[PDB]
Amino acid sequence: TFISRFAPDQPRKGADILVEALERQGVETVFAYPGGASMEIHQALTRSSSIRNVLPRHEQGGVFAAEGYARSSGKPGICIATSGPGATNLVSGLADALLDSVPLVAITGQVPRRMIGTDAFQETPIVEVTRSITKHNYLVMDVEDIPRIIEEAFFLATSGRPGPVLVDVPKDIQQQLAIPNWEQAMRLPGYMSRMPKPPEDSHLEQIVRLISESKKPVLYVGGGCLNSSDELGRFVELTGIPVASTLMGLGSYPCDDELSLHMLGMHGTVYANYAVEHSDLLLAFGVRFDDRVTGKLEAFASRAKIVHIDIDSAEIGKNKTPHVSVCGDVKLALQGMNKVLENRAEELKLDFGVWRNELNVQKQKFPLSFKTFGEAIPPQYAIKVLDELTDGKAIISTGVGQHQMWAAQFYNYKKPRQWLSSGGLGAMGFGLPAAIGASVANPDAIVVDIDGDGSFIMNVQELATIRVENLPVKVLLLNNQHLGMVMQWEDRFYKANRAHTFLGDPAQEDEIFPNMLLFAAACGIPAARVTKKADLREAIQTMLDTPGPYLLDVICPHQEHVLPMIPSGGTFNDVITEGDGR
Amino acid sequence: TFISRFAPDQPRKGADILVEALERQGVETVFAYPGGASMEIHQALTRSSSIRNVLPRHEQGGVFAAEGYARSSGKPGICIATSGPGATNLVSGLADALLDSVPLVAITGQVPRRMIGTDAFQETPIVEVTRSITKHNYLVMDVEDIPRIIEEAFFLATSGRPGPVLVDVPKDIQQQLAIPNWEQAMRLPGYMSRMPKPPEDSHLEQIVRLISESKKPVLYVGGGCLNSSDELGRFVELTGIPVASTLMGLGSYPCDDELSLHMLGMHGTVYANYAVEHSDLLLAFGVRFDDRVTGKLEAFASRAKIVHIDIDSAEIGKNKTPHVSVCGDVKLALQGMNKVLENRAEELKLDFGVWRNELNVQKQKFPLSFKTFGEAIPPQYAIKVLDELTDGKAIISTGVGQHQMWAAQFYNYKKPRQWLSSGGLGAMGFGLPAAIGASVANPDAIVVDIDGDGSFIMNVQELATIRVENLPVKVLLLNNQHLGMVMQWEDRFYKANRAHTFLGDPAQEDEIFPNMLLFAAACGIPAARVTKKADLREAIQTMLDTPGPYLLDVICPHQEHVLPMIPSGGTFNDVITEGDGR
Amino acid sequence: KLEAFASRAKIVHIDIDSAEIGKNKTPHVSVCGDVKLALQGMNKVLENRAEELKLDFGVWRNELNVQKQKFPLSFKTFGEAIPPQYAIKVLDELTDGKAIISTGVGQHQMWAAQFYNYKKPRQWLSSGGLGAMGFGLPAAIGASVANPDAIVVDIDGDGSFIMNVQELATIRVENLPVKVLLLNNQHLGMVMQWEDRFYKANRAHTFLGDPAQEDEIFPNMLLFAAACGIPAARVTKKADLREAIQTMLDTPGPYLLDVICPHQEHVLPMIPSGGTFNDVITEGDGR
Ligand SMILES: Cc1cc2nc3c(=O)[nH]c(=O)nc-3n(C[C@H](O)[C@H](O)[C@H](O)COP(=O)(O)OP(=O)(O)OC[C@H]3O[C@@H](n4cnc5c(N)ncnc54)[C@H](O)[C@@H]3O)c2cc1C
Ligand SMILES: Cc1cc2nc3c(=O)[nH]c(=O)nc-3n(C[C@H](O)[C@H](O)[C@H](O)COP(=O)(O)OP(=O)(O)OC[C@H]3O[C@@H](n4cnc5c(N)ncnc54)[C@H](O)[C@@H]3O)c2cc1C
Ligand SMILES: COc1cnc(OC)n2nc(NS(=O)(=O)c3c(OCC(F)F)cccc3C(F)(F)F)nc12
Ligand SMILES: COc1cnc(OC)n2nc(NS(=O)(=O)c3c(OCC(F)F)cccc3C(F)(F)F)nc12
Ligand SMILES: C/C(NCc1cnc(C)nc1N)=C(/S)CCOP(=O)([O-])OP(=O)([O-])O
Ligand SMILES: C/C(NCc1cnc(C)nc1N)=C(/S)CCOP(=O)([O-])OP(=O)([O-])O
Ligand SMILES: C/C(NCc1cnc(C)nc1N)=C(/S)CCOP(=O)([O-])OP(=O)([O-])O
Ligand SMILES: [K+]
Ligand SMILES: [Mg+2]
Ligand SMILES: [Mg+2]
Ligand SMILES: [Mg+2]
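Residue numbers (the UniProt record's numbering), protein chains in the order written: chain A, 86 to 667; chain B, 86 to 667; chain C, 381 to 667.
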């Protein structure tokens, strides 16, 4: 039973109705940056005793923090911005959350209703702008619609395939006095009618039948499995089927487990990609068959019967036509299959030991590898040390680039929602704000942002947010003085012709630039730089043991390349396993 | 006669066609940040010997720098970004350029054509997203359309009412080989048919007639006059009509001149707003009657005959119905009127000396004022000192907030395009990147970013750009540890109830946070902090005299309020002339 | 009701539009491609493994034949009044089921679909998804131009026919041998039927005749045809129906046959909107 700060017969501002609407949704944390059009909302926020605001230093920081909050908790992330320049600063985050299917509710202030469409002060047609990059959005046109729209926004953001919903609120609506009705019905008849029913037995038994008739089965798991760890784990025990994971699915199945093939795809392991290439049964759970994984579609799992379980019917049969499919929650599908597999266990007698041994040979022949040059720090090694010292239990957020791939390759995530990374949109500047949100959502957790120098500086202003909010965010900065991933493609495909990928100062090219230590010092955050591999272990240990925020600048040779690599639109036979920029 | 790096019969990449297309438009500088979808374009850029790239550290920095480049030169600003997160980072800048009518061409890389609309890697429907916040945009669907589209983009961006044009270029188009045709006709029959004809004599004589019959005429000039300084100056000599300017029009008429009423509007001078209030003739040249200027429309110039000259017919009669209007270039209208006024000078005998004296009384009674508390630095004073030491000849860019208004109030701009400020959208983070573009466009000019602490930190990463590019950008940081303008409205209208407007660290609230000096030190930029008014003069002098970039952290009491202030939607009788947060 | 539709079946869906596969119902097996090619592929397999598969659904087929015998398509004959269902059956017989048939929308459309045995595809031309009245006569025009040697008949309703009656002029001028079998019930029949079943027969603007002369056929469609120089006739008695249709077919060039039908007829069977097989209505009319 919810307790309002207002009397049931007492009129109050629309802004106070909106904040209470958030409280009734169970919101405990928002990331709000004030402005003229959203002042009333911020005033109402101070009157709330249950909602905490984390003030960012940039609204892109705000929305990325809401993302990190969401990805690390499974709860909706909430960001708030003013009209115009505030709203437009959210755009990258909205698109990011849509492509990665992250539950997010964004609230934007708007100019008074009568002035909409008149090029007014700080006016942006944000509903128009963000229509194609949100799951849904709203323009609130009456104070009385606030309770319903807020309820629908949270419902849409969190149900089905999760995604961002934006709610645009005119200033005069925030100022209008009214008595809210909290017991109004949502108006989503179309959406509700298309919500998948629980998986039917006929389809699940079809899958179990294929499993018993296969000899080379492979699990292909992704972001859709993040809430299905126990079920998936149970499924693997009952079948003995090896697990290949997408970038978004890392940790759904324990990466340190023997049955784990780790990540597949463009920079996936040789043995994971091998498994899919030679499989006769592909169990695609919570994945969307993106070309970063599949490469050339006709060659992808070309000899396999494909099972696809997705909660979004639009994804099933999009890029590849499955032999068997289930449109529904993979969590429920796993539960259903686990019961069948258990009851018929002594009848099925599942044993893919020969297939598994074939894959273990591939693990031995072509494991993840890196080269150590003198006392220079291998970025791959730095992440391995982090894994060891944190016992693989840390929450890891990243930027985008080489360091992102290495963070995905050389850290064995034991649970889902440890791994926070922009996959679909691949937005630089994501790491630090996402770590902020994750730390607020998980106050007792070890939170580390494994960032690149290009990515880190993009939202470096959020260091101020970290200090002021006293968040124990660790920054493991893999510093190669380059836009590394672009540099790598220049090396492989453009004869190493540099086109604006160097991030240092050419007038002093053998000096580390900028000095990231001083960025941290500016915000009262303790920091250090390590250059020799021998000192790396103690340096990381110091970062972890030092209470509160900490920045470790890890200097790395820039000639490193991410391996293996399947070229764009290529096949498994095109995989590159050696070479760098030396 | 243009000289290509390719033979007329030699096929070459679409990316090389695009870069040459820019060269043929006379482009000398671009602000490009590389990514996968735009790699080919960046490779082609290195093959150009005439185009310089300034690599930003954030694409918002890139587009804001292109804006500063444009606003300070009158040339189109050119920014380039990759697909997805690169493109979405341009959005605030695009909207900003549209609202302030700034000529800008933005080029974005895009996923291969066949993959458009499939939620591909780093894909954003950027043409959809930016349709309502650009003057026009394009999705290039064939390599052969590149020369025409680039020509149309520059034409549309610079002709009529200037604005941003975005061109989206799929990667496969950049890679396609072709032989370009540079002599193809533009396809803009509708736009060209609506281009205003040169002002007719009948309309200009109508205006001169009203001037000779008026006794209290006031000039109301804005951004549309930025290329009409000589003509407007000549016009004022021939008529003796006092000049009131918008935020966007500052410097069109010399602010230090006796006939200058400086800025009108919400934070305009009392005497400027007085003039408009009691005028019987309002000469609105290159303005759009925005409510920041007009307040309550029915009360604005309520007793005046209104003359409106605008190049955009959609602006004429929008918010206020003029008695006389000219749809055309105000530059040409001024030239036409100046000839008439000169030939009939001894016949007209124009003399508004009585009106001017009435306004001078208002200047004496209610001038721009500020209060000095002990040895604390008045932000208003700091700008006045800057004015004196630079002889009012510096290029000034700003952020948004109190410091922006003071930079507009207490600096006497002698020429147009000295003043670079986000007016319509009012985007924080604009100042530093805009100064970057202005410095590149004007290498010999004194360029100063008058920034707020909230605004400055938003794009603080561009300090790296400044050092690497060796730009002599000066930063005058007015530091009040607050989101000042929001704080002011909290004081006036919300009983000083703070709602997330403090930018320092509450755990050490009497320490300056962050330490902006260390942000500068991180990027090898010399810096200093001044706290006492007595030291302020030498500190600013040191900033100016020190070669290269420099940051001056000016500590200001936060209780300062911007005055005068006409409340939102208010009238001249509602003007606030005293009070602060003390 | 989807949940009840084929509720105990494994579903195979072959469609050339991937957006259709898994839209309303999730198939156990699917093929996204040309069904023509899928059939060719399966036919080769079925032929090569014929003696191995030994397919025989004779028991199932017999179960369905019992249903054919118990519940066939049926209609009732009242005195000498013309059953619209019968009129279409006679047309089927006299054209040997080889005619191109276009229709309007309504009761006559359903009867044209129920009581004519189409032997080949593209004989049946009817607006299904949108269900647009006025489609029949112009569609017959296009079909006749495309198929100059074919028997083309527009089985139309009086409401549907008058909507694009102006195309009679097109038919004469272009000299198209378009036959019009007009099933005339003086009503918007299908709407009238739903009024009877679900609104206690409360008429809401479904009568198309003249209330000032309600037992006169209005309008006189014969004169519409005469206006465009098209020979026409009206038949009212079931006994005269056979010769009348024969005359329409044997008369060279365009021809209009106005077939007067009792309006109380209902299209049967009927499964109510969003209903199940257990809800099927097999008897009743507007009498
Ligand atoms: C530089 C870079 C390199 C990359 N290289 C790789 C690589 O080598 N390998 C790789 O894997 N990725 C790589 N990516 C990431 C890639 O672009 C995609 O982000 C990712 O591969 C897609 O993840 P996904 O297939 O699991 O689908 P997701 O984006 O995680 O979407 C989840 C899918 O499951 C469905 N779903 C959601 N919830 C449920 C549920 N409860 N039940 C059933 N279904 C559900 C959703 O509808 C959706 O279809 C890279 C990214 C970058 C930036
Ligand atoms: C915090 C803040 C406070 C502000 N307060 C004020 C204030 O007190 N006073 C104030 O003035 N502004 C203020 N503004 C700015 C305000 O929001 C607008 O940006 C500005 O007032 C509008 O400028 P403008 O009227 O000159 O039109 P512009 O935006 O500069 O547009 C130019 C107009 O002239 C036309 N034009 C362009 N070229 C030509 C040509 N060659 N010939 C003829 N016509 C042409 C265009 O079509 C357009 O209509 C403030 C902004 C902020 C962020
Ligand atoms: C320079 O104008 C503002 C400066 N600082 C502000 O908050 C710290 N505000 N807040 C407002 N609100 S507003 O005046 O009612 C208004 C506005 O005024 C319309 C009024 F007629 F109601 C028009 C467009 C936008 C806004 C906005 F978004 F800023 F709210 N205007 C300013
Ligand atoms: C992880 O993928 C990339 C990493 N780094 C890159 O440049 C440094 N690129 N560049 C690409 N180009 S791409 O592979 O042809 C491609 C792409 O591949 C389609 C291919 F089948 F042609 C699909 C969507 C976007 C892109 C993009 F935008 F990145 F170009 N992909 C990557
Ligand atoms: C430029 C670019 N990608 C294009 C790009 C541009 N801009 C944004 C906002 N996002 C992306 N992904 C990368 S991955 C460079 C990353 O450099 P880094 O942050 O230092 O990481 P690393 O050097 O390890 O590759
Ligand atoms: C929050 C805000 N405005 C809302 C806002 C939010 N976000 C953006 C990107 N732009 C704007 N205009 C202002 S003006 C605060 C400015 O603080 P400041 O940069 O330190 O300048 P000052 O303190 O002088 O007002
Ligand atoms: C009004 C209506 N349907 C709604 C309607 C309205 N308007 C158009 C253009 N199309 C349709 N389908 C029908 S089916 C009445 C048909 O009357 P009819 O042409 O004489 O055929 P019949 O009486 O056999 O049902
Ligand atoms: K930033
Ligand atoms: Mg790097
Ligand atoms: Mg401030
Ligand atoms: Mg009828």
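Using N, Cα and C, we set each Cβ at its ideal position, and we do this for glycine too.
- DSSP places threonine 616 (chain A) in the coil class of the three-state scheme, outside both helix and strand.
- Of the candidates A:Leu189, A:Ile521, A:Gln546, A:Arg583, A:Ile521 places its Cα closest to the Cα of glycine 633 (chain A).
- Residue burial annotation: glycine 309 (chain B) is buried, with at least 16 other C-beta atoms found within 10 angstroms of its C-beta.
- According to the DSSP assignment, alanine 418 (chain B) belongs to the alpha helix (DSSP H) that extends over 415-428.
- Under a 10 Å Cβ-count criterion, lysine 478 (chain B) is classified as exposed, with fewer than 16 other Cβ atoms of the shown protein chains found around its own Cβ.
- For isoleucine 396 (chain B), the closest C-alpha among the options B:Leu382, B:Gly413, B:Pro518, B:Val409 is that of B:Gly413.
- For a cut-off of 8 Å, the C-beta gap from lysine 220 (chain A) to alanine 242 (chain A) is around 7 Å, short enough to register as a contact.
- If you look at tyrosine 466 (chain B), you'll find it in the alpha helix (DSSP H) that goes 464-474.
- Within the region 203-239 of chain A, the runs of alpha helix (DSSP H) that reach at least 4 residues and sit entirely inside it are, in chain order, 211-214.
- In this structure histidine 567 (chain B) does not touch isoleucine 535 (chain B) by the C-beta definition: roughly 16 Å separates them, more than the 8 Å allowed.
- Proximity of the beta carbon of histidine 567 (chain B) to ligand 10 is indicated: a heavy atom of the ligand is located closer than 6 Å.
- If only complete runs of 4 or more residues are kept, the region 348-409 of chain A shows the alpha helix (DSSP H) at 355-363, 376-379, in order along the chain.
- The C-alpha of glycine 334 (chain B) lies about 20 Å from the C-alpha of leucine 648 (chain B).
- Just measuring C-alpha positions, the residue of B:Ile292, B:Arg552, B:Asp630, B:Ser653 sitting nearest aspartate 590 (chain A) is B:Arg552.
- When Cβ-Cβ separations below 7 Å define contact, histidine 143 (chain B) makes contact with chain A.
- Judged by pairs of C-beta atoms under 8 Å, the region 587-603 of chain B touches the region 564-578 of chain B, as three or more such pairs exist.
- If you check each beta-carbon in the region 403-428 of chain C against every beta-carbon of chain A, the ones closer than 9 Å belong to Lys403, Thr406, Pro407, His408, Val409, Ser410, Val411, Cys412, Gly413.
- Per the Cβ contact rule, the region 362-369 of chain A is not in contact with the region 339-352 of chain A (fewer than 3 Cβ pairs under 8 Å).
- Shown here for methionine 490 (chain B): same chain residues with a beta carbon closer than 6 Å to its own, the five before and five after excluded, namely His352, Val647 in chain order.
- Per DSSP, reduced to three states, the secondary structure at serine 186 (chain A) is coil, with no helix or strand assignment.
- Within chain A, no residue has its beta carbon less than 7 Å from that of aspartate 595 (chain B); the closest one is some 14 Å off.
- The residue among A:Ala386, A:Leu548, A:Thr550, A:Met570 with its C-alpha nearest the C-alpha of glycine 537 (chain A) is A:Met570.
- Distance from the Cα of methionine 650 (chain B) is smallest, within the candidate group B:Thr483, B:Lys499, B:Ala357, B:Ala399, for B:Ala357.
- A residue is called buried once 16 or more other Cβ atoms fall within 10 Å of its Cβ, and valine 446 (chain A), having fewer, is exposed.
- One alpha carbon belongs to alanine 492 (chain B), the other to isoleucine 468 (chain B), and they sit about 6 Å apart.
- When Cβ pairs closer than 8 Å are counted between the two stretches, the region 243-255 of chain A is seen to touch the region 221-228 of chain A, the count reaching three or more.
- The C-alpha of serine 123 (chain B) is placed about 15 Å away from the C-alpha of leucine 510 (chain A).
- Going by C-alpha positions, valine 378 (chain A) is about 7 Å away from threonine 331 (chain A).
- Taking C-beta atoms under 8 Å as the contact rule, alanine 605 (chain A) and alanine 612 (chain A) qualify, at a distance of about 4 Å.
- Between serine 524 (chain B) and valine 545 (chain B), the C-beta gap is not smaller than 7 Å, which leaves the two residues out of contact.
- Applying a distance threshold of 5 Å between residue Cβ atoms and the heavy atoms of ligand 3 selects A:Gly121, A:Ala122, A:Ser168, A:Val196, A:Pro197, A:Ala205, A:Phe206, A:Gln207, A:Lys256, B:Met570, B:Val571, B:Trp574, B:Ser653, B:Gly654, given in chain order.
- Counting C-beta pairs closer than 8 Å gives fewer than three between the region 388-395 of chain B and the region 314-331 of chain B, which falls short of the contact rule.
- Remark: the shortest separation between the CB of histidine 585 (chain C) and any heavy atom of ligand 7 does not fall under 6 Å.
- Sorting B:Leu189, B:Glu400, B:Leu588 by C-alpha distance to the C-alpha of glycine 248 (chain B) places B:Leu189 at the top.
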